[PDB]
Amino acid sequence: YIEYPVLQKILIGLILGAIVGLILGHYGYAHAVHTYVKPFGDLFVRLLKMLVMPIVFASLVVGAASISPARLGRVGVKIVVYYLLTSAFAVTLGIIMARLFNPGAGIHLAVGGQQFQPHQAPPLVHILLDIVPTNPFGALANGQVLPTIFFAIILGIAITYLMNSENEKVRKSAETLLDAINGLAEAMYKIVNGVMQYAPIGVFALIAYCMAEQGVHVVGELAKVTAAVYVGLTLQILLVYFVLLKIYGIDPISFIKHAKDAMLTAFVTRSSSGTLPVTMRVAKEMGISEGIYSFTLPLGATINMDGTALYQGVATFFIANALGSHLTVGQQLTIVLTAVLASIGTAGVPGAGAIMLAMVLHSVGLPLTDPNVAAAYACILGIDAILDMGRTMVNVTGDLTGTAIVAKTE
Amino acid sequence: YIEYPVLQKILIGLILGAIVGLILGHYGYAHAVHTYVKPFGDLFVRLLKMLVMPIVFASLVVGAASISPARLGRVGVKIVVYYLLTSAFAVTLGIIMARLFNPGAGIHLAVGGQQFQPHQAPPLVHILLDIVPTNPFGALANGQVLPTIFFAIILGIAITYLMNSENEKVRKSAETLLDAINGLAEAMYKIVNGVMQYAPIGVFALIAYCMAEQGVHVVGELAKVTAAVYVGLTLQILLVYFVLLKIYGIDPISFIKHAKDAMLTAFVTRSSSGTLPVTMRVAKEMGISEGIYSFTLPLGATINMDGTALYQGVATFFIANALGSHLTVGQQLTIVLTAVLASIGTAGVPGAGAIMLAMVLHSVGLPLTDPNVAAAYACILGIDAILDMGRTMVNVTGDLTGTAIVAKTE
Amino acid sequence: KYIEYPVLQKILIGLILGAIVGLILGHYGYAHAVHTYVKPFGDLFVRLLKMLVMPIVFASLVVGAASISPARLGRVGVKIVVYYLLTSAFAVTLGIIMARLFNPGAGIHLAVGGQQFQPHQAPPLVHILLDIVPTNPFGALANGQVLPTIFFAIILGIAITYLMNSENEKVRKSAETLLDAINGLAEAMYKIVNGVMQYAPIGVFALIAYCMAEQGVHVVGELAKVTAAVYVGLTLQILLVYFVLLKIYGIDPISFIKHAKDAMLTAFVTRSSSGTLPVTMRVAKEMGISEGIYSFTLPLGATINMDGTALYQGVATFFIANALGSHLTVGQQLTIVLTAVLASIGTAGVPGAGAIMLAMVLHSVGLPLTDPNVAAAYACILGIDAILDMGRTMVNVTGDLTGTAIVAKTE
Ligand SMILES: N[C@@H](CC(=O)O)C(=O)O
Ligand SMILES: N[C@@H](CC(=O)O)C(=O)O
Ligand SMILES: N[C@@H](CC(=O)O)C(=O)O
Ligand SMILES: [Hg+2]
Ligand SMILES: [Hg+2]
Ligand SMILES: [Hg+2]
Ligand code: NA
Ligand code: NA
Ligand code: NA
Ligand code: NA
Ligand code: NA
Ligand code: NA
C-alpha cells in the first residue's frame with residue numbers, strides 16, 4: 001500500500017518524526033521512545049551497515065577498472081585528471097566549510113556511559129604498511145575497510161590488464177569475473193533502494209529520537225550541518241565551476257541557462273543516474289560533440305561527485321565534533337584522500353553517499369562498530385535526504401562542466 | 001573397486017555396522033571402537049559439515065531467484081502459493097508427529113562430560129534485528145547460518161530484478177554472477193555425491209558406535225524416529241494430498257494408479273531429480289497440459305519437498321530430545337518457518353536434507369559446533385538413507401499433486 | 001615512474017648494491033639506522049607477496065586441479081600427467097636430499113621476538129589428517145588455514161570439471177562461468193605478482209641491506225650455501241633424472257640438449273616458464289615431435305610440472321627449518337615431498353611465482369608465515385630469489401621437453 005514520491009515520502013516521516021519526538025520529550029518519558037520506536041531506526045541503520053562491506057569493495061573493483069590506465073584513451077585522460085582534481089578540491093572545501101561551522105560539537109554524547117575514546121593511532125611506518133592486507137579474504141571477512149579498499153583498486157587495475165591480454169582464455173575469465181563483481185555492485189545497490197523504501201519508517205524513528213533524547217538543541221545542530229553543506233555546495237558552484245568556465249572560453253552564467261533542466265531533475269530525483277537522459281540531452285544542447293558527451297557524461301555519472309566528496313568532508317567533521325574528537329591534520333588530509341575515493345565509488349543512486357561515508361569515517365578513526373561513533377552516524381543519517389538533493393545535483397553539474405572545458409580543448 | 005547399488009551399498013554397512021558394534025559392546029571394549037573405527041564416521045560427518053555453508057548460501061541465492069516476484073508469471077504464482085502452503089503444513093505435521101513420539105529422549109547423552117547447556121536466548125528485539133548481518137562476508141566466513149540465509153534471499157531477489165533492467169551491461173553482469181553462484185551450488189552438490197560415496201564406510205562407523213556405546217537402547221530410539229517419520233509421511237499423503245485432490249476434481253485413489261512408476265523410482269533413487277524423466281512421463285499420462293507440467297514438475301524438483309520439511313521437523317525434535325532440551329513454542333514455529341526454507345533449498349540429490357537439516361538445527365539453538373549437538377546429529381545421520389527414501393518419494397509426489405490441482409484451475 | 005630496465009638485471013642491481021650499503025653500515029654506522037629507515041621497504045615488499053598467497057593458492061588450485069582431473073584428460077594425457085607427477089615428486093625428494101647434504105641456514109640462528117621459534121605441539125595423527133577437511137570452507141580462506149583451503153580447491157576443481165560432462169546445458173554454462181571466474185582471479189592475481197615484482201628491486205635492496213646489516217657477514221655464505229644446494233641439485237636433477245630416462249627409452253640424451261639450447265637459455269633469463277613457450281614449442285617441432293603431442297604437453301607442462309620449483313620448495317623449507325633452530329622431522333619430511341609437489345603444481349610460471357607458493361609448503365610443515373621468526377627466515381631467502389628463479393624457471397621448462405619426448409616414443 002506504500003508507494004509515494006519516494007523523496008517526499010521521507011520528508012513526511014522526518015517533519016513528523018521531529019514532532020512525535022519533541023513532545024514525548026516532555027509530557028511522556030522518552031524511555032517509551034527508546035524502548036518502542038527506536039528499534040525501527042536501528043533496523044534501518046543496520047540494513048545500510050550491511051551493504052557497506054560488499055559495496056565498498058564491489059564498487060571499487062568496478063570503479064577502479066573504470067579509470068585504470070591503460071584502459072582509457074587520451075580523450076579520457078584529459079577528463080579523469082579533471083574529475084580527480086575537481087572532486088579533491090570539493091572535499092578540501094567541505095573540510096573548510098565545516099571548519100567554519102562547528103557542525104555537531106555541543107551535541108556532546110557518550111552512549112556507552114563513557115565518552116568516545118580514540119584507541120592510540122600508531123607509528124606512521126606501521127599505519128601505511130598495515131594497509132596491504134596480509135589475507136584479503138580475512139580483510140573483507142571481518143571489517144577492515146582500508147585494506148579491502150587497497151585490495152579492490154589493486155584488483156581492478158589488474159582486472160583491466162588482462163583484457164589487454166594477447167590470450168583469449170585469459171581475457172574471457174578476466175571479463176566474466178569483472179562482470180560478476182559488478183552485478184554484485186549492482187545487486188548491492190538494488191538492495192540500497194530496497195532499504196531506501198523502508199527509509200520513511202527508519203528516518204521517522206531516527207529523529208523521533210534525536211528530538212526525543214537530545215532535546216531541542218540538536219535541531220539547530222542538524223540545521224547547522226545542512227547550512228555548512230549547502231553554503232559549501234553553492235560555494236563550490238560559484239568559486240569552483242564559474243571560476244574555470246571563465247578560465248577557458250564558456251560563458252559561465254549562460255552555462256546555467258541551458259543546464260537548468262538537468263540540475264532540477266538531479267535535485268528532486270536524488271539520483272545522479274536518473275538524471276542522465278536529462279543530462280546528455282542538455283549536453284547536446286550546448287555545442288558539445290557526440291563523442292565527447294558520450295564518454296564523459298555517463299562516466300561522470302558514477303566517478304566524479306564533487307557534491308558527495310564535500311558531503312563526506314562535512315559529515316566526517318560532524319561525527320568528530322559529535323563525539324568530542326579533535327579531527328587532526330593528517331587525518332584532515334586523509335579525509336581529503338578518502339572522501340575522493342569514497343566519492344569515486346559512491347553509487348549515484350538515492351542514499352549512496354551516506355553508506356559510502358562509512359568508508360571515510362572508518363578511515364579517519366571512527367569505526368561504525370563503536371557505539372559512540374555509530375550514534376553520531378545514526379543522527380546525520382536522519383537528515384540525509386535533505387542533503388542528498390543538493391549533493392546529487394552538484395554531482396550532476398560537475399560532469400557538465402568538465403565535459404564543456406575538455407570540449408574546448410578538442 | 002567400490003561401485004554397487006549406492007543405496008544398497010549403505011544399507012550393507014548399516015546392518016553390518018550395528019552388528020560389529022553391538023557385540024564389541026560386550027566381549028570387547030568399545031574404547032577399541034572409540035579409538036579405531038570412530039574416526040571414520042567423523043571423516044564422514046565433517047565432509048558434510050564442509051558443504052553446509054556454501055550450500056546453504058549458494059542454494060538460497062539460486063532458490064530465491066527461483067520464486068522471486070516479479071520473476072514468475074501468474075501460472076507460477078498459483079503453484080508457489082501451493083508449494084509454500086503445502087510444505088509449511090508438512091513441517092507442522094512433522095512437529096506433531098514427533099510430538100506424539102518422543103524420538104530420542106532417553107537417549108540422554110552429555111559428551112563433554114557435561115550435559116548440553118542452552119546459552120541464554122536473548123530479548124526478541126535483538127534476536128530479530130541480530131539477523132541483518134552487519135558484514136555479509138563476516139557472516140559466511142565464520143558460521144552465522146541465519147544472517148547468511150537472510151543475505152541469500154535478499155541477494156537472490158535483487159539478482160532477478162537486474163535481469164528486468166532496461167540496461168544490457170547491467171543485465172549481463174547480474175546474470176554471469178547468478179550463473180557463478182549456481183554452479184557453486186551445483187559443484188557443491190557434486191561434492192555431496194562425492195561424500196555420499198564414502199558414505200558406506202561413514203555410516204558403518206556411525207552406528208558401529210551408536211550400537212557400541214549407547215547400548216541396545218538406541219536401536220529402538222532410532223526406529224522410533226523412522227516410525228515418527230514414515231507414519232507422518234503417509235499421514236501426509238492421506239490427510240493432506242487425498243484431502244485436497246478430493247476438494248477440487250481429481251479422483252484421489254486413481255491419482256496413485258497413474259503415478260506408481262514415479263513414486264517407486266523416487267523411493268529407490270533417493271533423488272527427487274533422478275525421478276523427473278519419470279515424473280514428467282507420468283504427468284503427461286494424466287491429462288496435464290504441456291505448458292503446465294513443463295513449469296511445475298521440474299520446479300517442484302528442487303523447491304517443494306514436503307517430505308524433507310517433515311523430516312527436518314522430526315530431526316530437530318530428535319536432537320532436542322537427545323540432548324535434554326525442551327524445544328520451546330516459538331522455537332517450535334521457528335522450526336516450521338526454518339524447515340520450510342531448509343526444505344526450499346534442499347538439493348533433491350541423495351543426502352541433501354541431512355546437510356540442510358543443520359540450517360534448521362542451527363536456527364533453533366543447537367549449533368553443530370557444540371560437541372553435544374553434533375553428537376545427536378552424527379547419530380540420526382546414520383539412519384539417513386533409511387529416511388531418505390520415504391522422504392525423496394513424498395517430495396516427488398507433492399509436485400504431481402500441485403500440478404494436478406492447478407491443472408484443474410486452468 | 002622512469003623505472004623500466006631488464007627486469008631481472010634490475011633486481012641483480014639492487015641486490016649486489018644492497019649487500020654493500022648494508023655490510024658497511026654494519027660497521028661505521030648503527031644498523032638501527034638501517035633497521036628504522038631502510039627496512040620497512042623490504043617489508044612493504046614481503047607483505048605485498050603475502051597478500052597474493054591466499055587467493056593464489058586457492059584460485060590456482062581450483063584451476064590447476066581442473067587441469068588434470070580425470071575424467072577430464074584423454075589417455076594421451078594420462079600418459080603424461082603420470083610422468084609429470086612422478087617426475088616433480090622425485091625432484092623434491094632430491095631437493096630434500098640436496099639440503100640434507102648442505103646445512104643451508106643453520107648457524108644463521110635467529111630469534112626475532114626476543115624468543116627463539118617455538119614449535120606449537122603437533123597433535124594426534126587422527127586429528128591432523130581429519131583436521132584438513134575444513135568445516136566451513138569460507139572460514140578456511142577467510143582466516144589463514146592454507147591446508148584446508150587446498151583440500152577445498154582440489155575438491156572443487158575436480159567437481160567443477162564433472163559438471164562440464166553434464167548432460168544438462170544450464171548446469172554446464174554455470175559450471176563454466178564459475179570456473180572461468182575463478183581463473184582470472186588466478187590470472188589477475190599473478191598480474192599483481194608482476195606488479196609487486198616491479199617494486200621488487202627496492203624490496204630486494206632493503207631485504208639484503210639488512211641480512212647484511214644485521215646478520216653480519218656470516219649470512220653471505222649461508223645465502224650462497226643454499227644457492228649451491230639448489231643449483232647442484234638442479235643439475236643433479238638434469239643429469240641423474242632426465243638423461244637417465246632419455247637413455248631408458250630411445251632419445252639420444254646428449255643430442256637432446258643440442259636442439260633444446262634456445263628454449264633453456266630463454267627460460268633462464270626470462271625467469272618465466274610461460275615466456276618460454278613460443279620458444280619451447282618451436283624447439284619441440286625441431287625434434288620429430290608430433291603436432292598433436294607437442295600441442296597437449298608443452299603448454300600443459302607450462303604450468304603443471306615444475307621439477308625446478310619442486311626442488312626449490314624442498315631446499316627452501318629446509319633453509320627455514322635450519323634458520324629457526326627447528327629439526328625438520330621425517331613425516332614432515334615426506335609432507336614436504338607431497339606439499340611441494342602441489343606447491344609446484346600450482347606455481348604460476350611467471351617471474352616470482354614459486355617464492356609465494358613456497359608459503360603453502362612452509363605452512364604445511366609447521367612454519368606459518370604469521371610467526372615473526374618464520375617470516376624472518378622467509379624474508380631472507382626471499383632476497384636471493386631471483387638468483388634461484390633462473391635455474392628454477394629453466395629446469396621447469398626442460399622437464400616438459402623431456403616428458404614430451406618420452407611419451408612421443410610411446411606413440
Ligand atoms: N546523491 C548522490 C550520491 C550520494 O548519495 O552521495 C547522487 O546520486 O548523485
Ligand atoms: N532425499 C530428498 C532430498 C533430501 O535429502 O531431503 C530428495 O532428493 O528428493
Ligand atoms: N620461476 C618459475 C616459477 C617459480 O617461480 O617457481 C617459472 O616461471 O618457470
Ligand atoms: Hg542525534
Ligand atoms: Hg547414537
Ligand atoms: Hg637474513
Ligand atoms: Na556524477
Ligand atoms: Na561516485
Ligand atoms: Na520435489
Ligand atoms: Na528443496
Ligand atoms: Na613448466
Ligand atoms: Na606450477
# chains A, B, ... in the order shown; residues from 1 in each chain; ligands from 1
$ residues_near_ligand --ligand "ligand 8" --cutoff "7 Å" --atoms "only C-alpha atoms and all ligand atoms" --output "PyMOL selection string"
chain A and resi 302-305+343-348
$ write_last_selection --atoms "N, CA and C atoms" --output "PDB file, in the first residue's frame"
ATOM      1  N   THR A 302      28.862   8.139 -12.337  1.00  0.00           N
ATOM      2  CA  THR A 302      29.315   7.412 -11.152  1.00  0.00           C
ATOM      3  C   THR A 302      30.609   8.003 -10.515  1.00  0.00           C
ATOM      4  N   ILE A 303      31.789   7.767 -11.106  1.00  0.00           N
ATOM      5  CA  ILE A 303      33.003   8.577 -10.823  1.00  0.00           C
ATOM      6  C   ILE A 303      32.612  10.091 -10.827  1.00  0.00           C
ATOM      7  N   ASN A 304      33.193  10.940  -9.957  1.00  0.00           N
ATOM      8  CA  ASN A 304      33.042  12.457 -10.094  1.00  0.00           C
ATOM      9  C   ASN A 304      31.766  13.104  -9.490  1.00  0.00           C
ATOM     10  N   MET A 305      31.697  12.946  -8.177  1.00  0.00           N
ATOM     11  CA  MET A 305      30.640  13.519  -7.403  1.00  0.00           C
ATOM     12  C   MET A 305      31.286  14.507  -6.439  1.00  0.00           C
ATOM     13  N   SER A 343      33.857   9.184  -2.577  1.00  0.00           N
ATOM     14  CA  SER A 343      33.003   9.722  -3.635  1.00  0.00           C
ATOM     15  C   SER A 343      33.106   8.836  -4.898  1.00  0.00           C
ATOM     16  N   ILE A 344      34.335   8.523  -5.292  1.00  0.00           N
ATOM     17  CA  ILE A 344      34.609   7.892  -6.572  1.00  0.00           C
ATOM     18  C   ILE A 344      33.749   6.648  -6.775  1.00  0.00           C
ATOM     19  N   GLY A 345      33.350   6.027  -5.678  1.00  0.00           N
ATOM     20  CA  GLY A 345      32.630   4.772  -5.773  1.00  0.00           C
ATOM     21  C   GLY A 345      31.289   4.888  -5.125  1.00  0.00           C
ATOM     22  N   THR A 346      30.887   6.113  -4.871  1.00  0.00           N
ATOM     23  CA  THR A 346      29.577   6.275  -4.323  1.00  0.00           C
ATOM     24  C   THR A 346      28.630   6.081  -5.484  1.00  0.00           C
ATOM     25  N   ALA A 347      27.601   5.291  -5.243  1.00  0.00           N
ATOM     26  CA  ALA A 347      26.690   4.854  -6.278  1.00  0.00           C
ATOM     27  C   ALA A 347      26.147   5.930  -7.249  1.00  0.00           C
ATOM     28  N   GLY A 348      25.511   6.970  -6.732  1.00  0.00           N
ATOM     29  CA  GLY A 348      24.758   7.853  -7.619  1.00  0.00           C
ATOM     30  C   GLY A 348      23.355   7.304  -7.793  1.00  0.00           C
TER      31      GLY A 348
END
$ residues_around --residues "residue 159 in chain B" --least-positions-apart "2" --cutoff "9 Å" --atoms "only C-alpha atoms" --output "ChimeraX atom specification"
/A:183-184,186-188,190 /B:61,65,154-157,161-163,174-175,177-178
$ write_last_selection --atoms "N, CA, C and O atoms" --output "PDB file, in the first residue's frame"
ATOM      1  N   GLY A 183      27.442  -6.147 -10.717  1.00  0.00           N
ATOM      2  CA  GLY A 183      26.326  -7.048 -10.529  1.00  0.00           C
ATOM      3  C   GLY A 183      26.248  -7.479  -9.085  1.00  0.00           C
ATOM      4  O   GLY A 183      25.157  -7.547  -8.529  1.00  0.00           O
ATOM      5  N   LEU A 184      27.385  -7.788  -8.467  1.00  0.00           N
ATOM      6  CA  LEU A 184      27.408  -7.746  -7.020  1.00  0.00           C
ATOM      7  C   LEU A 184      27.157  -6.283  -6.780  1.00  0.00           C
ATOM      8  O   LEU A 184      26.063  -5.906  -6.357  1.00  0.00           O
ATOM      9  N   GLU A 186      26.044  -3.937  -8.593  1.00  0.00           N
ATOM     10  CA  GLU A 186      24.702  -3.541  -8.949  1.00  0.00           C
ATOM     11  C   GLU A 186      23.652  -4.094  -7.983  1.00  0.00           C
ATOM     12  O   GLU A 186      22.978  -3.310  -7.311  1.00  0.00           O
ATOM     13  N   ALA A 187      23.535  -5.425  -7.885  1.00  0.00           N
ATOM     14  CA  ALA A 187      22.556  -6.068  -6.976  1.00  0.00           C
ATOM     15  C   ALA A 187      22.621  -5.476  -5.576  1.00  0.00           C
ATOM     16  O   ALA A 187      21.608  -5.393  -4.877  1.00  0.00           O
ATOM     17  N   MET A 188      23.820  -5.055  -5.184  1.00  0.00           N
ATOM     18  CA  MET A 188      24.007  -4.462  -3.893  1.00  0.00           C
ATOM     19  C   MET A 188      23.315  -3.130  -3.810  1.00  0.00           C
ATOM     20  O   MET A 188      22.722  -2.860  -2.783  1.00  0.00           O
ATOM     21  N   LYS A 190      20.759  -2.307  -5.676  1.00  0.00           N
ATOM     22  CA  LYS A 190      19.358  -2.697  -5.725  1.00  0.00           C
ATOM     23  C   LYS A 190      18.846  -2.885  -4.320  1.00  0.00           C
ATOM     24  O   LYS A 190      17.717  -2.485  -4.013  1.00  0.00           O
TER      25      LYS A 190
ATOM     26  N   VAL B  61      20.563 -18.348  -2.728  1.00  0.00           N
ATOM     27  CA  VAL B  61      20.600 -17.287  -3.704  1.00  0.00           C
ATOM     28  C   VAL B  61      19.913 -17.788  -4.956  1.00  0.00           C
ATOM     29  O   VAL B  61      19.046 -17.114  -5.478  1.00  0.00           O
ATOM     30  N   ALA B  65      16.013 -16.793  -6.250  1.00  0.00           N
ATOM     31  CA  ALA B  65      15.838 -16.257  -7.569  1.00  0.00           C
ATOM     32  C   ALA B  65      14.822 -17.116  -8.336  1.00  0.00           C
ATOM     33  O   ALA B  65      14.254 -16.660  -9.336  1.00  0.00           O
ATOM     34  N   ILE B 154      17.953 -12.133   0.182  1.00  0.00           N
ATOM     35  CA  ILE B 154      17.974 -10.716  -0.158  1.00  0.00           C
ATOM     36  C   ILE B 154      18.748 -10.486  -1.460  1.00  0.00           C
ATOM     37  O   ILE B 154      18.353  -9.672  -2.288  1.00  0.00           O
ATOM     38  N   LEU B 155      19.808 -11.249  -1.670  1.00  0.00           N
ATOM     39  CA  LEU B 155      20.589 -11.102  -2.886  1.00  0.00           C
ATOM     40  C   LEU B 155      19.809 -11.654  -4.061  1.00  0.00           C
ATOM     41  O   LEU B 155      19.654 -10.990  -5.079  1.00  0.00           O
ATOM     42  N   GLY B 156      19.308 -12.875  -3.896  1.00  0.00           N
ATOM     43  CA  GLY B 156      18.655 -13.611  -4.981  1.00  0.00           C
ATOM     44  C   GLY B 156      17.373 -12.985  -5.504  1.00  0.00           C
ATOM     45  O   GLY B 156      16.951 -13.253  -6.630  1.00  0.00           O
ATOM     46  N   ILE B 157      16.743 -12.171  -4.664  1.00  0.00           N
ATOM     47  CA  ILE B 157      15.609 -11.380  -5.059  1.00  0.00           C
ATOM     48  C   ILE B 157      16.105 -10.202  -5.850  1.00  0.00           C
ATOM     49  O   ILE B 157      15.562  -9.892  -6.901  1.00  0.00           O
ATOM     50  N   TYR B 161      15.913  -8.849 -10.218  1.00  0.00           N
ATOM     51  CA  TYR B 161      15.453  -7.523 -10.579  1.00  0.00           C
ATOM     52  C   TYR B 161      16.367  -6.822 -11.541  1.00  0.00           C
ATOM     53  O   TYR B 161      15.941  -5.914 -12.258  1.00  0.00           O
ATOM     54  N   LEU B 162      17.623  -7.251 -11.560  1.00  0.00           N
ATOM     55  CA  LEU B 162      18.593  -6.709 -12.500  1.00  0.00           C
ATOM     56  C   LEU B 162      18.468  -7.326 -13.908  1.00  0.00           C
ATOM     57  O   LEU B 162      18.963  -6.765 -14.884  1.00  0.00           O
ATOM     58  N   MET B 163      17.821  -8.483 -14.007  1.00  0.00           N
ATOM     59  CA  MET B 163      17.574  -9.089 -15.304  1.00  0.00           C
ATOM     60  C   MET B 163      16.393  -8.393 -15.941  1.00  0.00           C
ATOM     61  O   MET B 163      16.271  -8.373 -17.156  1.00  0.00           O
ATOM     62  N   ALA B 174      24.637  -9.057 -13.837  1.00  0.00           N
ATOM     63  CA  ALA B 174      23.649  -9.695 -12.994  1.00  0.00           C
ATOM     64  C   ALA B 174      23.467 -11.159 -13.291  1.00  0.00           C
ATOM     65  O   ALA B 174      23.152 -11.943 -12.407  1.00  0.00           O
ATOM     66  N   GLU B 175      23.638 -11.515 -14.551  1.00  0.00           N
ATOM     67  CA  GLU B 175      23.463 -12.878 -14.979  1.00  0.00           C
ATOM     68  C   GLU B 175      24.715 -13.673 -14.638  1.00  0.00           C
ATOM     69  O   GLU B 175      24.663 -14.601 -13.830  1.00  0.00           O
ATOM     70  N   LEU B 177      27.045 -13.389 -12.716  1.00  0.00           N
ATOM     71  CA  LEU B 177      27.071 -13.624 -11.275  1.00  0.00           C
ATOM     72  C   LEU B 177      26.073 -14.722 -10.865  1.00  0.00           C
ATOM     73  O   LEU B 177      26.459 -15.703 -10.217  1.00  0.00           O
ATOM     74  N   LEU B 178      24.801 -14.566 -11.239  1.00  0.00           N
ATOM     75  CA  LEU B 178      23.761 -15.508 -10.817  1.00  0.00           C
ATOM     76  C   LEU B 178      24.100 -16.874 -11.331  1.00  0.00           C
ATOM     77  O   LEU B 178      23.754 -17.874 -10.709  1.00  0.00           O
TER      78      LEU B 178
END
$ interface_residues --of "chain C" --to "chain B" --cutoff "7 Å" --atoms "only C-alpha atoms" --output "ChimeraX atom specification"
/C:130,133-139,142,156,159-160,163,171,174-175,177-178
$ closest_atom_pairs --of "chain C" --to "ligand 3" --cutoff "6 Å" --atoms "only C-alpha atoms and all ligand atoms" --output "JSON lines"
{"residue": "C:271", "atom": "CA", "partner": "ligand 3", "partner_atom_place_in_ligand_line": "1 (N)", "distance": 5.2}
{"residue": "C:272", "atom": "CA", "partner": "ligand 3", "partner_atom_place_in_ligand_line": "8 (O)", "distance": 3.5}
{"residue": "C:273", "atom": "CA", "partner": "ligand 3", "partner_atom_place_in_ligand_line": "9 (O)", "distance": 3.3}
{"residue": "C:309", "atom": "CA", "partner": "ligand 3", "partner_atom_place_in_ligand_line": "6 (O)", "distance": 4.3}
{"residue": "C:347", "atom": "CA", "partner": "ligand 3", "partner_atom_place_in_ligand_line": "6 (O)", "distance": 5.7}
{"residue": "C:348", "atom": "CA", "partner": "ligand 3", "partner_atom_place_in_ligand_line": "3 (C)", "distance": 5.9}
{"residue": "C:349", "atom": "CA", "partner": "ligand 3", "partner_atom_place_in_ligand_line": "8 (O)", "distance": 3.1}
{"residue": "C:350", "atom": "CA", "partner": "ligand 3", "partner_atom_place_in_ligand_line": "8 (O)", "distance": 4.1}
{"residue": "C:351", "atom": "CA", "partner": "ligand 3", "partner_atom_place_in_ligand_line": "8 (O)", "distance": 5.3}
{"residue": "C:352", "atom": "CA", "partner": "ligand 3", "partner_atom_place_in_ligand_line": "5 (O)", "distance": 4.4}
{"residue": "C:353", "atom": "CA", "partner": "ligand 3", "partner_atom_place_in_ligand_line": "5 (O)", "distance": 3.8}
{"residue": "C:354", "atom": "CA", "partner": "ligand 3", "partner_atom_place_in_ligand_line": "6 (O)", "distance": 3.2}
{"residue": "C:355", "atom": "CA", "partner": "ligand 3", "partner_atom_place_in_ligand_line": "5 (O)", "distance": 5.9}
{"residue": "C:389", "atom": "CA", "partner": "ligand 3", "partner_atom_place_in_ligand_line": "1 (N)", "distance": 4.5}
{"residue": "C:392", "atom": "CA", "partner": "ligand 3", "partner_atom_place_in_ligand_line": "1 (N)", "distance": 5.4}
{"residue": "C:393", "atom": "CA", "partner": "ligand 3", "partner_atom_place_in_ligand_line": "9 (O)", "distance": 3.4}
{"residue": "C:396", "atom": "CA", "partner": "ligand 3", "partner_atom_place_in_ligand_line": "9 (O)", "distance": 5.4}
$ residues_around --residues "range 316-320 of chain B" --least-positions-apart "6" --cutoff "7 Å" --atoms "only C-alpha atoms" --output "ChimeraX atom specification"
/B:98,103-104,326-327,361,373,376-377
$ write_last_selection --atoms "C-alpha atoms" --output "compact mmCIF listing (two decimals), in the first residue's frame"
# COMPACT_ATOMS: atom_id res chain seq x y z
CA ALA B 98 7.48 -36.09 16.81
CA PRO B 103 12.07 -39.72 19.32
CA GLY B 104 15.38 -39.51 21.13
CA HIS B 326 12.75 -28.70 25.91
CA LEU B 327 12.18 -27.40 22.36
CA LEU B 361 19.03 -27.18 13.86
CA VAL B 373 24.53 -31.12 19.39
CA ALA B 376 22.99 -36.19 18.39
CA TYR B 377 23.39 -35.16 14.75
$ select_by_dssp --residues "range 158-384 of chain C" --states "helix (DSSP H, G or I)" --output "MDAnalysis selection string"
chainID C and resid 158:164 169:214 218:249 253:259 261:270 280:285 293:296 307:324 332:345 353:363 374:381
$ residues_around --residues "residue 261 in chain C" --least-positions-apart "2" --cutoff "12 Å" --atoms "only C-alpha atoms" --output "PyMOL selection string"
chain C and resi 254-259+263-268+276+279-280+282-284+286+394+397-398+401
$ residues_near_ligand --ligand "ligand 2" --cutoff "9 Å" --atoms "only C-alpha atoms and all ligand atoms" --output "PyMOL selection string"
chain B and resi 266-267+269-275+301-302+305+307-309+311-312+342-343+346-357+384-385+387-396
$ residues_near_ligand --ligand "ligand 4" --cutoff "7 Å" --atoms "only C-alpha atoms and all ligand atoms" --output "ChimeraX atom specification"
/A:207,210,214,218,376,378-380
$ write_last_selection --atoms "N, CA, C and O atoms" --output "short mmCIF file (atom, residue, chain, number, x, y, z; two decimals), in the first residue's frame"
data_model
loop_
_atom_site.label_atom_id
_atom_site.label_comp_id
_atom_site.auth_asym_id
_atom_site.auth_seq_id
_atom_site.Cartn_x
_atom_site.Cartn_y
_atom_site.Cartn_z
N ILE A 207 15.00 10.60 13.90
CA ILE A 207 14.90 11.90 14.57
C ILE A 207 13.67 11.98 15.43
O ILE A 207 13.33 13.06 15.91
N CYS A 210 16.49 11.71 18.12
CA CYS A 210 17.38 12.86 18.19
C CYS A 210 16.60 14.03 18.79
O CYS A 210 17.16 14.86 19.50
N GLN A 214 17.83 14.31 22.57
CA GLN A 214 18.90 15.31 22.51
C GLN A 214 18.38 16.70 22.84
O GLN A 214 19.10 17.71 22.77
N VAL A 218 19.69 19.82 19.39
CA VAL A 218 20.06 19.11 18.15
C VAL A 218 19.47 19.77 16.91
O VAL A 218 20.13 19.86 15.88
N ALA A 376 26.45 9.00 16.46
CA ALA A 376 26.64 10.25 15.71
C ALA A 376 26.35 10.05 14.25
O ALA A 376 25.96 10.99 13.57
N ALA A 378 24.08 7.60 13.14
CA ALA A 378 22.64 7.38 13.08
C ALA A 378 21.84 8.70 13.12
O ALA A 378 20.64 8.75 12.77
N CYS A 379 22.51 9.77 13.54
CA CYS A 379 21.88 11.09 13.68
C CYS A 379 21.85 11.76 12.33
O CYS A 379 20.77 12.09 11.83
N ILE A 380 23.04 11.96 11.75
CA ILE A 380 23.21 12.63 10.47
C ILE A 380 22.63 11.80 9.32
O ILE A 380 22.38 12.30 8.22
#
